[PDB]
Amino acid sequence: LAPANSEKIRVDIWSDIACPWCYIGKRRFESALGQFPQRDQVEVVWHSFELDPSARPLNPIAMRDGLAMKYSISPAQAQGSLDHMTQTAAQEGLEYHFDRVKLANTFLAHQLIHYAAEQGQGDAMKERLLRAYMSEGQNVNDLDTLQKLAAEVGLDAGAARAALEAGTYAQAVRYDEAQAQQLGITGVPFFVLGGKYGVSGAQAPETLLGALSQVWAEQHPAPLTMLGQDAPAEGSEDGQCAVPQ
C-alpha cells in the first residue's frame, strides 16, 4: 500500500456499487480533495468490495425488504435508513430512487470497473454504475445492461463485454476483496491513508480533509534548522584546512 512516488501520499478506497453510502462517500471524498492544497500529490487507489459475494444474481424483492432481511431489522427500520440515505444523498447532489433498485450481485460490475480503469476510464465507469444502481433502476448483474453502460462511458462495448464474458478481471476483483478481508475491513466505504490510517464509512468532507492534512504533515514535516556542521560518514578519513571564518 505504498505510493508509486515518494513525494506523494496514498489513499486506498474500498467500495461496493450496491452501497448508497459509497456514492455519498465518493462525493464527500471529492469535496475534501478539492479543498486539499496538496491534492496533486495524492495517489488514489480504488478497490472492489462486495457486501455479499454470494448474493444471487438478482434478488427481485424491494430494497427495503432486502435490507430488513439482511440486517435482521424491521421493515420500518429499513425504511428509516432508506429515507435517511436519500435525504443525505440529496445534499451531495445525488437524487436516489431506492424504490427502483434492483438487488443484483455486483461481481461483474466490479470487473467492468477494472476493465474501464485499464482504459483510463475507471472513475467514469464507477460513477455511471453507481448512478445506474441507485437512481435508474438498472440491473448491474445483467450483461446487456453492463455493456450498454460501458458504451455510454465511451468504452469499446464489444471489447468490454468480451472481457466480462471471459472473466478477465475476476481474479483482480477477488484480490481487492481479499485485501479488505485481511485488513479487517467489514463495511464500506473504507479509506486507508498513508497505508496506516483507517477511516470507516462515508464521513464528512471536513474529516477526510483533516485526515489528508494530518497524514501530509506527518510524512512531510517542516525541515529542521541544522546547527554545527554535518559529520563525515564512515569511509571518510579526510580533512581540509578552512580559511578563518
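We number the residues from 1 along the sequence you see.
Could you check which stretch, 158-166 or 143-151, carries the larger mean CA temperature factor in the entry?
Looking at the recorded C-alpha B-factors, 158-166 comes out higher on average.
Compare the mean C-alpha B-factor of 221-229 with that of 19-27 as given in the PDB entry, and name the stretch with the higher value.
Taking the mean C-alpha B-factor of 221-229 and of 19-27, the larger value falls to 221-229.
Of 208, 178, 44, 61, which one's C-alpha B factor is largest in the deposited record?
The listed residue with the largest C-alpha B-factor is 178.
Could you check 104, 82, 73, 113 and tell me which one carries the biggest Cα B-factor in the deposited entry?
Spelled out: the listed residue with the top C-alpha B-factor is 73.
Report the third (lowest, middle or highest) to which the CA temperature factor of residue 69 belongs, ranking only the modelled residues of the same chain.
Highest third - that is where residue 69 ends up once the chain's C-alpha B-factors are sorted.
By its CA B factor, does residue 78 count among the lowest, middle or highest third of the modelled residues in the chain?
According to the entry, residue 78 has a C-alpha B-factor in the chain's middle third.
Which third of the chain does residue 99 land in by C-alpha B-factor: lowest, middle or highest?
Its C-alpha B-factor belongs to the lowest third of this chain's values.
Can you work out whether the C-alpha temperature factor of residue 109 puts it in the lowest, middle or highest third of the chain?
Its C-alpha B-factor belongs to the lowest third of this chain's values.
Using the B-factors in the PDB entry, rank residue 172's C-alpha atom against the chain and give the third, lowest, middle or highest.
According to the entry, residue 172 has a C-alpha B-factor in the chain's highest third.
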